[PDB]
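Visitor: Quick one: the structure is below, questions incoming.
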Amino acid sequence: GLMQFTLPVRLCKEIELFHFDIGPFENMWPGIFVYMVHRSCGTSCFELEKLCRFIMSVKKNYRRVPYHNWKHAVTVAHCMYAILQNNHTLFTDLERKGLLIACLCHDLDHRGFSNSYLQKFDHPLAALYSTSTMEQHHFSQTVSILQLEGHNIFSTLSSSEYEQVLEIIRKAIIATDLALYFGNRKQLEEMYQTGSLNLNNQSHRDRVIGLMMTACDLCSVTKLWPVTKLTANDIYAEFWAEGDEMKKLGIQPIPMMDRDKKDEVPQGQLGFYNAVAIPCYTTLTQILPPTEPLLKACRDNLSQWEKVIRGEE
Ligand SMILES: Cc1cnc(CSc2nc3ccc4ncsc4c3[nH]2)cc1OC(C)C
Ligand SMILES: [Mg+2]
Ligand SMILES: [Zn+2]
């Protein structure tokens, strides 16, 4: 009840900023998450004993893969934290509750492989879930953990509030399927520009939460350059392994997953910034003006990649 989490001064200040790095001390990450829940949602949103036991069960169900790991989960939750804190009044009590949990849970039991590889391998999950394969799995895992004894952090919610929060988390997690981002942002762009965007329209809120999820999920590109560059190494460590496994099935992977084409990384990053990242944080800034620092950091990192190609680094 009266037990607050308190970070060291440097973390207490920098955790509020969009570009915050949660650091290499894994044992501090649960406390960092709890701190963000208490300030974003309240010290009463969850029973501390249940929340702590939810967190540690979520952690256990993240694998030791180079990128799609426990650090990613907490990193994506912090970006959401920074969005919710800078947009205090735009989001309901249920939404702030559901979205930090959704981000922590969004990649549960990731194996370091794309939906496309599961399909080509003929993985059992690809039979169970024809589209957004891993994302349907991530939500399934989230429900399973919530249903463990002592793990139901939403127990104090009514039946309709419980169905509402689980529906927010499901849409939120399915939205992290990048395949769905392109159409979602296009719809949002049209709605913003024709002035039809309406935050009291539930279908519109869903779309806006969807784009927030893409923005938080890609937030590697919104860090300071050294963090962005070193996270790229972990991302490519997974992709190149997936490319190796494509070659094992007798399929040439796309250049992005082919370690033989490491040289093309800098130009690959430009395409990704221009095609995915900048449009994402631009549409997000239009809808939620105070998320401008994410767009600004994204553009700074595009500039850094342009310098790599020009042999300036
Ligand atoms: C955050 C982030 C950072 N980097 C990437 C890699 S983007 C990328 N696109 C291409 C296209 C061709 C290509 N040829 C050699 S490397 C390479 C690429 N890397 C993805 C990413 O997001 C995924 C994790 C969704
Ligand atoms: Mg994912
Ligand atoms: Zn993710």
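Ligands are numbered from 1 in the order shown, chains are lettered A, B, ... in the order of the structure tokens, and residues start at 1 in each chain.
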Neighbouring residues of ligand 3 are defined here as those with any atom at most 8 Å from a ligand atom, counting only C-alpha atoms and all ligand atoms; list them as a PyMOL selection string.
Guide: chain A and resi 68+72-73+76+106-107+176+217-218
Visitor: Please save N, CA and C atoms of the selected residues as a CSV table (one decimal), in the first residue's frame.
Guide:
chain,number,residue,atom,x,y,z
A,68,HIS,N,14.4,-10.7,-29.5
A,68,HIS,CA,13.0,-10.9,-29.0
A,68,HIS,C,13.0,-11.6,-27.6
A,72,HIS,N,13.7,-6.6,-24.5
A,72,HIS,CA,12.8,-6.1,-25.5
A,72,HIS,C,11.5,-5.8,-24.9
A,73,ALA,N,10.9,-6.7,-24.2
A,73,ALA,CA,9.6,-6.6,-23.5
A,73,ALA,C,9.5,-5.4,-22.6
A,76,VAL,N,10.0,-2.0,-24.7
A,76,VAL,CA,8.7,-1.7,-25.4
A,76,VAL,C,7.7,-1.1,-24.4
A,106,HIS,N,3.9,-8.7,-25.3
A,106,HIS,CA,3.6,-8.6,-26.7
A,106,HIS,C,4.4,-9.6,-27.5
A,107,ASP,N,5.6,-10.1,-27.0
A,107,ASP,CA,6.5,-11.1,-27.7
A,107,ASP,C,6.7,-12.4,-26.8
A,176,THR,N,1.0,-5.6,-33.2
A,176,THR,CA,2.5,-5.7,-33.3
A,176,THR,C,2.9,-6.5,-34.5
A,217,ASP,N,7.1,-0.8,-30.3
A,217,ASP,CA,7.8,-2.0,-30.8
A,217,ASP,C,9.0,-1.7,-31.6
A,218,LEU,N,9.1,-0.5,-32.4
A,218,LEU,CA,10.2,-0.2,-33.2
A,218,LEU,C,11.1,0.8,-32.5
Visitor: Please, which residues have at least one atom within 12 Å of an atom of ligand 2, using only C-alpha atoms and all ligand atoms, listed as number ranges by chain?
Guide: A: 62, 67-69, 72-73, 76, 102-115, 132-139, 172-180, 213-214, 216-218
Visitor: How close does each residue of chain A get to ligand 1, giving the shortest atom pair and distance in Å to one decimal for every residue with an atom at most 7 Å away, counting only C-alpha atoms and all ligand atoms, sorted by chain and residue number, as JSON lines?
Guide:
{"residue": "A:178", "atom": "CA", "partner": "ligand 1", "partner_atom_place_in_ligand_line": "25 (C)", "distance": 6.6}
{"residue": "A:218", "atom": "CA", "partner": "ligand 1", "partner_atom_place_in_ligand_line": "1 (C)", "distance": 4.6}
{"residue": "A:219", "atom": "CA", "partner": "ligand 1", "partner_atom_place_in_ligand_line": "1 (C)", "distance": 6.9}
{"residue": "A:220", "atom": "CA", "partner": "ligand 1", "partner_atom_place_in_ligand_line": "1 (C)", "distance": 5.4}
{"residue": "A:221", "atom": "CA", "partner": "ligand 1", "partner_atom_place_in_ligand_line": "1 (C)", "distance": 5.9}
{"residue": "A:232", "atom": "CA", "partner": "ligand 1", "partner_atom_place_in_ligand_line": "4 (N)", "distance": 5.6}
{"residue": "A:235", "atom": "CA", "partner": "ligand 1", "partner_atom_place_in_ligand_line": "24 (C)", "distance": 6.1}
{"residue": "A:236", "atom": "CA", "partner": "ligand 1", "partner_atom_place_in_ligand_line": "6 (C)", "distance": 6.9}
{"residue": "A:255", "atom": "CA", "partner": "ligand 1", "partner_atom_place_in_ligand_line": "14 (N)", "distance": 4.2}
{"residue": "A:256", "atom": "CA", "partner": "ligand 1", "partner_atom_place_in_ligand_line": "17 (C)", "distance": 3.6}
{"residue": "A:257", "atom": "CA", "partner": "ligand 1", "partner_atom_place_in_ligand_line": "16 (S)", "distance": 6.9}
{"residue": "A:258", "atom": "CA", "partner": "ligand 1", "partner_atom_place_in_ligand_line": "15 (C)", "distance": 7.0}
{"residue": "A:261", "atom": "CA", "partner": "ligand 1", "partner_atom_place_in_ligand_line": "15 (C)", "distance": 5.5}
{"residue": "A:262", "atom": "CA", "partner": "ligand 1", "partner_atom_place_in_ligand_line": "15 (C)", "distance": 5.7}
{"residue": "A:263", "atom": "CA", "partner": "ligand 1", "partner_atom_place_in_ligand_line": "15 (C)", "distance": 6.9}
{"residue": "A:264", "atom": "CA", "partner": "ligand 1", "partner_atom_place_in_ligand_line": "15 (C)", "distance": 4.3}
{"residue": "A:265", "atom": "CA", "partner": "ligand 1", "partner_atom_place_in_ligand_line": "16 (S)", "distance": 3.6}
{"residue": "A:267", "atom": "CA", "partner": "ligand 1", "partner_atom_place_in_ligand_line": "13 (C)", "distance": 7.0}
{"residue": "A:268", "atom": "CA", "partner": "ligand 1", "partner_atom_place_in_ligand_line": "10 (C)", "distance": 3.5}
{"residue": "A:269", "atom": "CA", "partner": "ligand 1", "partner_atom_place_in_ligand_line": "8 (C)", "distance": 4.8}
{"residue": "A:271", "atom": "CA", "partner": "ligand 1", "partner_atom_place_in_ligand_line": "9 (N)", "distance": 6.3}
{"residue": "A:272", "atom": "CA", "partner": "ligand 1", "partner_atom_place_in_ligand_line": "7 (S)", "distance": 4.9}
Visitor: Restricting the calculation to only C-alpha atoms, which member of A:90, A:143, A:170, A:284 is positioned closest to residue 185 (chain A)?
Guide: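 Of A:90, A:143, A:170, A:284, the one nearest residue 185 (chain A) is A:284, counting only C-alpha atoms.
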Visitor: Near region 2-11 of chain A, within 6 Å and counting only C-alpha atoms, which residues show up once chain neighbours fewer than 3 positions away are dropped, as an mmCIF file with N, CA, C and O atoms, in the first residue's frame?
Guide:
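Written out: result.cif:
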data_model
loop_
_atom_site.group_PDB
_atom_site.id
_atom_site.type_symbol
_atom_site.label_atom_id
_atom_site.label_comp_id
_atom_site.auth_asym_id
_atom_site.auth_seq_id
_atom_site.Cartn_x
_atom_site.Cartn_y
_atom_site.Cartn_z
ATOM 1 N N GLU A 14 15.856 10.216 -16.117
ATOM 2 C CA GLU A 14 15.951 9.777 -17.536
ATOM 3 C C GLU A 14 14.797 8.826 -17.911
ATOM 4 O O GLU A 14 14.454 8.795 -19.104
ATOM 5 N N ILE A 15 14.210 8.068 -16.978
ATOM 6 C CA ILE A 15 13.108 7.108 -17.312
ATOM 7 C C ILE A 15 11.906 7.853 -17.925
ATOM 8 O O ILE A 15 11.113 7.200 -18.640
ATOM 9 N N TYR A 35 7.710 0.463 -11.142
ATOM 10 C CA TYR A 35 7.819 1.934 -11.025
ATOM 11 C C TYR A 35 6.934 2.600 -12.079
ATOM 12 O O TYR A 35 6.269 3.600 -11.771
#
Visitor: Counting only C-alpha atoms, figure out which residue out of A:147, A:152, A:227, A:287 gets nearest to residue 207 (chain A).
Guide: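 Going through A:147, A:152, A:227, A:287 one by one, the smallest distance to residue 207 (chain A) is for A:287.
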